[PDB]
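Colleague: quick one, structure for this:
(2 chains)
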Amino acid sequence: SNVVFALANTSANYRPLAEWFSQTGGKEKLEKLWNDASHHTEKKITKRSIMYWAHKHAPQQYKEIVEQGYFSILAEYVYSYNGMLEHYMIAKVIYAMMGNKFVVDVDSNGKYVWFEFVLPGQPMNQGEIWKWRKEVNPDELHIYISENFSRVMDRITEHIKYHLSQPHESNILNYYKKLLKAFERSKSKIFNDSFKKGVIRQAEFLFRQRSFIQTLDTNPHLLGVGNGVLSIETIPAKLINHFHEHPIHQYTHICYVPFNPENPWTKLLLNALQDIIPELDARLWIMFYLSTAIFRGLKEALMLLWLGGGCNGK
Amino acid sequence: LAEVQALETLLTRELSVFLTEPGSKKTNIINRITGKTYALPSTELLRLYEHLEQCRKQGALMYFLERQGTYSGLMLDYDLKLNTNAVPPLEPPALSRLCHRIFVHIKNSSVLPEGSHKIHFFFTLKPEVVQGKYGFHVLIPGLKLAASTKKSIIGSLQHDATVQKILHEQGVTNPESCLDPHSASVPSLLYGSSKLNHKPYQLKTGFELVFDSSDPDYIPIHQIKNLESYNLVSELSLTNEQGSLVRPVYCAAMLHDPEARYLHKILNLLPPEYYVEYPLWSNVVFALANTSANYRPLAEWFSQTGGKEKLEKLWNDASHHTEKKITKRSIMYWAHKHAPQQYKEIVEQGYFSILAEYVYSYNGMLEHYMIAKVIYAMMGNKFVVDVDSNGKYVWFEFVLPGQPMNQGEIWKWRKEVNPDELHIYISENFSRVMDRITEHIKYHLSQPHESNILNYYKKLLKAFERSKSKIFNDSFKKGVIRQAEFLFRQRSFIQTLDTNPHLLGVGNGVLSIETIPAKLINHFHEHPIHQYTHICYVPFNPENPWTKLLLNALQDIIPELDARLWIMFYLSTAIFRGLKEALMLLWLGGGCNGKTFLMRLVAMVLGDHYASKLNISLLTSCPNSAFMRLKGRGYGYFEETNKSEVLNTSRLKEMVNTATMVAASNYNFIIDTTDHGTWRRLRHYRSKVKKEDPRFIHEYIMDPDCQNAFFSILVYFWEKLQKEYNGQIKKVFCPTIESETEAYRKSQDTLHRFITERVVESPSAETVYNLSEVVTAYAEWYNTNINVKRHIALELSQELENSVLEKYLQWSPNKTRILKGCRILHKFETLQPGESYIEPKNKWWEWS
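Modeller: Numbering: from 1, shown residues only, chains lettered A, B, ... in the order given. Have a look at this structure:
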């Protein structure tokens, strides 16, 4: 089901559905046909789910096809227009490059704020590990335009130099020579500050989400913990420790939940918070109400008063 | 152009003195472009011909006709249907034989003079075949013939077997019926002239025929060799007698003014399938009423199943124009659905034509305004701008289903700080038109042209390829957006945004309650609205489980007399945004009743355009924020349970006089003291019950389907109100509300108590009750009934005048406020004779 709501944004999704799920076994999708054309739903996961479902199960072929598509987009953009490259096509290749790492949205004052997804191999603050962080300027994107885009620029240059040393007539040789000269002139522009600022302000229209600010932490069943994302939708804790489409921003640096242990510290806490108060039939409603503080809203409307004791566990 | 300027000066300064009246017989020259008719003497005809000839040699647009009158040269108009779309060869031998046959008929008319005479034949040809349709004119301008003789010669020529053969061998499929039998009488185009659309027929070949009466079998026909040496407008003219080549031989006796711009509407106006119009005849004409010359498009549009001037209605005898209705953007919506492919073809052709004219005007350099002009031609029907409050040019974008939503702004304009979709469209889809222009230029490169033409096209191609990558520049695109901020102006979009009260925004689209039933506009529209509700999602008006349980748990849980429906009717018209009744509901009663369900549900199903949380300090504490929160809204409420018995004035005179105010407070009478004048516009109701039903106040209020069903039944009750009793003032009387109202009214609301109780309406009784007598009676009743306090007679008289007794108060010529048709009750006094005090078996939601 997850793949078909992920590519339900495709207008003709039935053809990829029959292409991928009629696969050993399969047996014509076991004769379900999307469970006889199941009804769509609300804003579920997107193509970033299939984007993420590679890169750790078959990373080599996935990396090869993404590099080939990268080179294909850049080759189309340097072949339609002779040698010069400018802001929007660099922005387009950048959006193809990290469409699953950066978003941008307008929040209050008409300005565009960038949100960056973080990875373990990145300088975080304490606990933003799989959550969107707010950047006043996308510093990582500027760095990636300056350094990592130069690899694809050198790939384009190597392809041009390979096409130059081929046996055809001198007119195509002269066309490739002037194409190489103009592309070499336009190659150093990706290191320019004004060019990179233009590329960023052009990609602000490409990384746009427009459902990000107003749906940021409206989901009450999600917690930003130091290990990542804690989901309490299921009966056990989920502890999302990978890429996800849950668009939360705020976090907690100390939660770090490794499920429920039975080590010395949790046993000490269990012996400390109770067994000092004489409770009747294991009376535990007090800390039971001290739970459900991980729920955001839309709950019961009780209030607890604990004005009792001088030097207690108050 | 110089020669056009010269012709303009000749016509206006000099030949104006020869202007003829419409239908004048003296007319010899007609300028169908200026609509002017002239009788030019031979001297001034020649001067005209010199100017027209100079204009012809420079390819200038001319539409001059000469009138043949009763005695002039012969013209033959051939309208050919061809085998193919190839220009027929029409080489000299075929045309030579045509001349001979034409001459045989002239000779057979018996009108030729004796002796030796030259007559010249000229063949002018339609420049191209269009759908197998082709044409030529045969001009014999020098051979001066009677109109009757021309008609006779034309009659004979139609039946000529040799002519039919020649035409057949040229590929003509209508050789029997291609010669216009009115060739003798029609006004004849001057050489170089033609319907501005038609490219002027071109002179291919001319022939000199010599006839000699003494030697009738010798009829030499030879091509004329030095045609270019002569003034061809002059020589080819049927009415000219002062040609150099053509010497007379005397025989015996409008375009709907497109101005190269308005062709777009007539191209997109023919292949709509709106040929039958029961309401659409007014619709299209009010759509294109923005054009002052709309009569010609109206006449062109009507002429397509018959109608006969719509049974001689003639726009209902020239119907005038009114306030601004739907606009030009509707006709592209009236296209693109009946026939989308031809609409897309002509629209892309228009885009390519605009960009090609801008490229060819300024060779390769594309600047901001040309890009903005093509962009405005691209989505003039999707983006608007305005200068709303601070001088900023805010943008509004129309949305379509194939688009990233917000949640439910699906057919309404959304405010955009930057036109992100326009920024995408400038680089992505406009590059397709860039490739179209480059492929057109490269197609023109692969043509057998001369060297300088190829050099000009090569430098144009290199300049355009240099300028093609500029559409991806962020600075250039920012300048293009800033330039298009002037083309995309609307001048009234912000001012008229939510002004329409008969129209609302819903999750499905736009709900129109202008008509008796709900419309639910779920397509393109010209209504300029921005505010929306994200949880209405109007599901028409069904009978499913959710609406059934809503109707079951909504009514028949509160008591009513004869199924009183006033509470839902006043809870209806909250979807009305202005100009409603000035009432104010008092639902102060109950603590565990359906108030927190029903009133908060009316609040919740509706959205930002009205959801009012005015608190007690905003209604009782001593236009900053009083009804600024009610500005442009249609629902207000004051849900309060914090006790705080407070004042019952300083606001409600202007708070009710777009409101539908509902006041919810504690069961006890919190707000109590008000006088008359703003007294009848307050209705009180108390919930009798509080099954308690605690489940419905928590979880099904937030259920989207329950809110959809509740909006559906609110629309149902609005429709019922405008069907049965249009207006809350003349609503069918219900004794519960009025009594509960009077209950509060009597309950310390006002002196009402004495006003109608101690004071009795005894018409017959002619007892005189002075104002001071009423004041003393009020003092005695208050002292013996409620409490002891000193009284001031003046203010009591002022309060008594403003009370309900203004009906019994008369400003007679005696000029007094005494009573004449009422009676009073003293202590232990009762009513006297002649004195008066002052369920369907089916469901409840059906018609009553």
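
Colleague: mind telling me which residue of the stretch 151-300 of chain A is nearest chain B?
Modeller: Going by C-beta to the nearest C-beta, chain B is nearest to residue A:198 of the stretch 151-300 of chain A, at 3.9 Å. Bear in mind the C-beta positions are built from the backbone N, C-alpha and C, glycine included.

Colleague: surely that residue meets residue B:476?
Modeller: No. Applying C-beta atoms under 8 Å as the test, residue A:198 and residue B:476 come out as separate, 10.0 Å apart.

Colleague: so who does residue A:66 touch?
Modeller: Applying C-beta atoms under 8 Å, 6 or more residues apart in numbering or on different chains, we find residue A:66 in contact with no residue.

Colleague: got the buried residues for the helix or strand hosting it?
Modeller: Assigned by DSSP states H and E, residue A:66 belongs to helix A:59-80. Judged by neighbour count (16 or more other C-beta atoms under 10 Å in any protein chain shown), helix A:59-80 contains these buried residues: A:70, A:73, A:74, A:77, A:78.

Colleague: next, the angle from that helix to helix B:451-468.
Modeller: Interaxial angle of helix A:59-80 relative to helix B:451-468 (axes from the mean of the first three to the mean of the last three C-alpha atoms, to 10 degrees): 140 degrees.

Colleague: immediately after helix A:59-80, which helix or strand?
Modeller: Following helix A:59-80 in sequence order, the next helix or strand is helix A:87-98 (DSSP H and E).

Colleague: residue A:299 - that's part of a strand, no?
Modeller: No. Counting by DSSP: H, G, I helix; E, B strand; the rest coil, residue A:299 is not found in a strand; it is coil.

Colleague: the closest residue to residue A:47 other than its chain neighbours: neighbour count?
Modeller: Distance criterion C-beta to C-beta, 6 or more residues apart in numbering or on different chains; nearest residue to residue A:47, sequence neighbours excluded, is residue A:6 at 6.1 Å. A count of nearby residues for residue A:6, using other C-beta atoms under 10 Å in any protein chain shown, gives 20.

Colleague: what's near enough to touch the residue in the stretch 1-150 of chain A positioned nearest to chain B?
Modeller: Nearest to chain B in the stretch 1-150 of chain A, going by C-beta to the nearest C-beta, is residue A:88, at a distance of 3.6 Å. Contact partners of residue A:88, counting by C-beta under 8 Å, 6+ apart, are A:202, B:427, B:472, B:473, B:474, B:477.

Colleague: what do you get if the cut-off is 7 Å, keeping everything else the same?
Modeller: A:202, B:427, B:472 (C-beta atoms under 7 Å, 6 or more residues apart in numbering or on different chains).

Colleague: how about the nearest residue to it, chain neighbours excluded?
Modeller: Nearest one to residue A:88, counting by C-beta to C-beta, 6+ apart, is residue B:472 at 3.6 Å.

Colleague: what segments of the stretch 151-300 of chain A are helices?
Modeller: For the stretch 151-300 of chain A, applying DSSP state H, counting those that start in this stretch gives helices covering A:170-187, A:193-203, A:264-273, A:285-290.

Colleague: got a list of contacts for the longest one?
Modeller: Where contact means C-beta under 7 Å, 6+ apart, the residues beyond helix A:170-187 that reach it are A:78, A:82, A:83, A:84, A:85, A:153, A:156, A:160, A:163, A:164.

Colleague: same deal with the last one?
Modeller: Contact partners of helix A:285-290, identified using C-beta under 7 Å, 6+ apart, comprise A:273, A:302, A:304.

Colleague: which of those tops the neighbour count?
Modeller: residue A:273 (14 neighbours).

Colleague: hmm, back to that, dump the residue contacts of the residue of the stretch 151-300 of chain A closest to chain B.
Modeller: Residue A:198 makes contact with A:87, B:474, B:475, according to C-beta under 7 Å, 6+ apart.
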